[PDB]
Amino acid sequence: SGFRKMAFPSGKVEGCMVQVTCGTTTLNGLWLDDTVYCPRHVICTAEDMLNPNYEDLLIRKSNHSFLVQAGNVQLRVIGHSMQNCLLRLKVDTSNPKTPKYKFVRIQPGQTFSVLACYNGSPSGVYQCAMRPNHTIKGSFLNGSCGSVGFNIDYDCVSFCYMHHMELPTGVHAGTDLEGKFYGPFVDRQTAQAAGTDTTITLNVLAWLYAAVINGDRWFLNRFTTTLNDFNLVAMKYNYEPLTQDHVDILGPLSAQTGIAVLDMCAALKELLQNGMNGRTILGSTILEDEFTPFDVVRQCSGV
């Protein structure tokens, strides 16, 4: 009868983190079999980061101009290359502690754990979701670039995010493990800003079903809505519209619970139009949106 934000266990990823040092710039990278992935801005200097041409910067570099540590050991770079916003560094060693793994591009709304690292060494782990404006509400200090995000699905690590930068509003932006940014950002110390964020409706609904599965039913109601009429209020409270695809996803949850999706929608419309009367759902006073339908099922069981 309890329920909260849970991060994936982080051992499989700890063994892949390493230092990458290039002049006076030090950040983290990811050592999979004989390759090390890291943000390309590791080769800029202080000046460089306002307007770099990474083509230009990288032809100036040698395999020896990159220093890589794994605790004590130094690692020999024997090749380097650029894949969009990451460098791939070849090394003379296969990481013996490389897990079964995949590179995935996540869609917005989806959640993942991030292992926050500094100077190659893990510092903490926490759970995060990709916002609809393609940022994440992270916790990242100077030196965190290269920290990764990931899910685990039956011993197989799915890497989905590498950290590159913090936007003026305090939110964070980055790329998948193929170097393509999430969002319209570029890896440049310039005037960029996060676009308007919205609430992830699918996850809010997922969490209300969790509230019911943990015994709690005070917000439900008799009324009901259509999809169209629910979206009219979604818009004016800045919630993503609900789609038949999203309704379908809430299938197992609505089945386990007895509550049709559009009734949970009517409940949410009621909660939006009237706040919540000094009440809480699963210990929270606010509608929380960083749990997916799949997180909810992972955690709990019973009604």
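Here the rigid core means the biggest group of C-alpha atoms that line up within 1.5 Å when the two forms are laid on top of each other. Throughout, we count residues from 1 along the sequence that is shown.
Superposing on the core and measuring CA offsets in 9 other deposited structures of this protein, the stretch of 94 to 102 and 138 to 146 with the greater mean deviation is 138 to 146. Just going by the entry, 60 to 68 versus 43 to 51 on mean CA temperature factor gives the higher value to 43 to 51. As the entry records it, the average C-alpha temperature factor is higher for 78 to 86, out of 107 to 115 and 78 to 86. Reading the B-factor column for the CA atoms of 180, 131, 172, 217 in the entry, the top value corresponds to 217. Looking at 167, 145, 213, 205, the one whose CA carries the top B-factor in the deposited record is 213. Sort the modelled residues of the chain by CA B factor and residue 101 lands in the middle third. When all modelled residues of the chain are sorted by CA temperature factor, residue 300 is found within the highest third. Residue 158: CA B factor lies in the middle third for its chain, per the PDB record. For residue 21, the recorded CA B-factor ranks within the middle third of the chain. Only modelled residues enter the ranking. In the PDB entry, residue 278 places in the highest third of its chain by CA B-factor.
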